[PDB]
């Protein structure tokens, strides 16, 4: 059933000052191209005016317009296609200005 998802580039942790833009970034491959999601605490996140998920081919991102302390924690990038699933977690640390 095609080729299962994998990471060409793995999402590294982000350490960011409160108020700064933060982005988690990866490059996922697979055939068909995997659907990617970002989750936090096992919940799928929703796009908003401060949180977006820019996707461009294999590049997927989790973009925070202006980080806040409550954004800190572990995020999970979950890729799926017909042949399988791939998972990578990354932590956001938010520092005081």
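Positions refer to the first chain, counted from 1.
*Asks:* According to the PDB entry, is the CA B factor of residue 41 in the bottom, middle or top third of its chain, that is, lowest, middle or highest?
*Replies:* According to the entry, residue 41 has a C-alpha B-factor in the chain's highest third.
*Asks:* Using the B-factor values recorded in the entry, state whether the Cα atom of residue 2 falls in the lowest, middle or highest third among the modelled residues of its chain.
*Replies:* Within its chain, residue 2 is a middle-third residue by C-alpha B-factor, going by the deposited values.
*Asks:* Just say lowest, middle or highest third for the CA B-factor of residue 78 relative to the other modelled residues in its chain.
*Replies:* Top third by C-alpha B-factor.
*Asks:* Please place residue 25 in the lowest, middle or highest third of its chain according to the CA B-factor in the PDB entry.
*Replies:* Ranked within chain, residue 25 CA B lands in the middle tercile.
*Asks:* Compare the C-alpha B factor of residue 54 with those of the other modelled residues in its chain, then answer lowest, middle or highest third.
*Replies:* Top third by C-alpha B-factor.
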